[PDB]
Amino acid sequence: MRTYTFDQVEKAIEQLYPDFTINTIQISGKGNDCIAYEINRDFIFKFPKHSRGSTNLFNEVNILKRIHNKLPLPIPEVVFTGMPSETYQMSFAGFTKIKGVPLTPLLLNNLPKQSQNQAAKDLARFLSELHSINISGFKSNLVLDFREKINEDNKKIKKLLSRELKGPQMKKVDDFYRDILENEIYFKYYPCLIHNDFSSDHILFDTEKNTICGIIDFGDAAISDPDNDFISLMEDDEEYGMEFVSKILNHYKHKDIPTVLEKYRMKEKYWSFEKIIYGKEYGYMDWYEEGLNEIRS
């Protein structure tokens, strides 16, 4: 997990774009993979915090570029690109800023039942279109082999929980990894392009028109189960309700909501194991302990 100063950032941009003038610069946000800088008022630059971050940055650029004018809501446009380095596919990248504020659940539930439904309608239209873009030209690296992932995780988990679990706990885990892997509902799906981190903080809203005016943060975008773009909004309190996601599902004409519900349940259980893995990948001891705790109950 590496760090940047403001001058390091200015320097990094100047050296590739010497004729770009930075008048103002502020940190607008930061996640696991990237720190984000608001440049002038018009641009968001992401700098990666590690190798994997950089790859996901690279992946965001290529995906934004290839869907640039293809969707019914605005989305970031790539304008500046950085360079490969030793272990980083992409030293930085610079995107247009999209006007709007996050469509928090709070902001959502304070909208009249009308503007609520329009937002649900508009989200279903964005998703339908995202999940319909033709996937044929996309390289294997831009897809998620989900069974390969669960197996990858399974191995990692054994390496890490060797010596943290009793054999009978470690077996309650084996049984979970096999209950999943012997269930085709998780893998028998029409893969398509997805946002894959589709959540209220990445949905921008125009309070003047009380309409959605943007979608951001395509770093995790990949070719995968279209259901994942609904499951990421279902969480109560943190995200929208279950009731609201049904509204979206129906404008979207999803023909099997109970399967979506089942995926959601699994996902929630599964998060303890991801916390463990990511806790170590990223160096979040707290995530690691939380994961360990939930597992022990």
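The first residue of the sequence shown is number 1, and the count goes up from there.
In this entry, 206-214 shows the higher mean Cα temperature factor of the pair 91-99 and 206-214.
Between 161-169 and 183-191, the higher mean Cα B-factor belongs to 161-169. Per the PDB entry, 235 shows the highest C-alpha temperature factor of the residues 235, 256, 60, 38. Comparing the C-alpha B-factors of 196, 132, 104, 110 in the entry, the top value falls on 110.
In the deposited entry, the Cα temperature factor of residue 17 places it in the middle third of its chain's modelled residues.
Residue 67 sits in the middle third of its chain by CA B factor, as recorded in the PDB entry.
Among all modelled residues in its chain, residue 297 ranks in the highest third by Cα B-factor. In the deposited entry, the Cα temperature factor of residue 229 places it in the lowest third of its chain's modelled residues.
Among the modelled residues of its chain, residue 30 has a C-alpha B-factor that falls in the middle third, as given in the PDB entry.
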